[PDB]
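Colleague: Sequence isn't available, so here's the structure alone:
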């Protein structure tokens, strides 16, 4: 039910260069024209980018990078924010995130995915614990992640992951990376999301 309203915001993303599909992932709308996106992809180069079929050029959107406090230290989240100069409205789902969430073990976990490989998919998983920092093979550091047990191929990055606490269904952040039957999300705080909605509305 809520799960679907998250999907309404999730959109297939891709990165092209010289005509060939170089990369592919997801992005989740949070408000207005703001989309949560895997930062470690805008690092490596792109020519064109497709969001939901829209043939975007480089100069038509702008990216916001955030820092996170991991053990009282300041690192740059792998969850970035792609904002279109002009585009379509997504729902405000920023109201669903939180800030001081410590999720219990074994709890269910859902991963709303929408891309060009699989399509509009959801998956299930189990909550493990908080991981401080995770480093990729090329050095794409991913701080403040959250570990959950589930099957996650490539192109799931950017999808929206939601769990439970009490009677509430909280969105934690966006799926970042994984493999080995385990997955990782860039933990995103509501406070952070609101302080940017102020600056864009």
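Modeller: Ah, there it is. Residues are numbered from 1 along each chain as shown.
Colleague: Return the list of helices and strands in contact with the longest helix anywhere in the chain.
Modeller: Identified as the longest helix of the chain according to DSSP state H is helix 190-197. Helices and strands touching helix 190-197, by 3 or more Cβ pairs under 8 Å, 6 or more residues apart in numbering; DSSP states H and E, are strand 20-31. In short, each C-beta sits where N, CA and C put it, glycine included.
Colleague: List the pairing partners of the strand it packs on within its sheet, with orientation.
Modeller: Paired strands of strand 20-31, with direction, are strand 10-17 (antiparallel), strand 34-38 (antiparallel) (DSSP bridges).
Colleague: before we move on, the earlier item: tell me what angle the longest helix of the chain forms with strand 20-31.
Modeller: Helix 190-197 runs at 100 degrees relative to strand 20-31, counting by axes from the mean of the first three to the mean of the last three Cα atoms, to 10 degrees.
Colleague: Now tell me what touches helix 190-197 from outside.
Modeller: 30-32, 34, 64, 66, 81, 92, 94-95, 97-99 (Cβ atoms under 8 Å, 6 or more residues apart in numbering).
Colleague: sorry, back to before: pipe the strands paired with strand 20-31 into a markdown table and attach distance to residue 183 per row.
Modeller: Formatted as a markdown table, those follow (distance: least, Cβ to Cβ, whole Å):
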| stretch | distance to residue 183 |
| --- | --- |
| strand 10-17 | 16 |
| strand 34-38 | 13 |
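Colleague: so how far is the longest helix of the chain from its chain's centroid?
Modeller: 15 Å (Cα atoms, centre = their mean, to the nearest Å).
Colleague: and what of stretch 6-15?
Modeller: On Cα atoms, centre = their mean, the centre of stretch 6-15 falls 10 Å from that of its chain.
Colleague: got the phi/psi numbers for residue 8?
Modeller: Backbone geometry at residue 8, expressed as degrees, to the nearest 10, gives phi -50, psi -30.
Colleague: That one reaches residue 89, doesn't it?
Modeller: No: with contact defined as Cβ atoms under 8 Å, residue 8 does not count as touching residue 89 (10.9 Å).
Colleague: Looking at those two, which one has more neighbours?
Modeller: residue 8 (14 against 9; other Cβ atoms under 10 Å).
Colleague: would you list every one of the helices in the protein?
Modeller: 2-7, 39-42, 190-197.
Colleague: just the ones you listed: most buried one?
Modeller: Highest mean neighbour count of those: helix 39-42, a mean of 21 (counted as mean count of other Cβ atoms under 10 Å).
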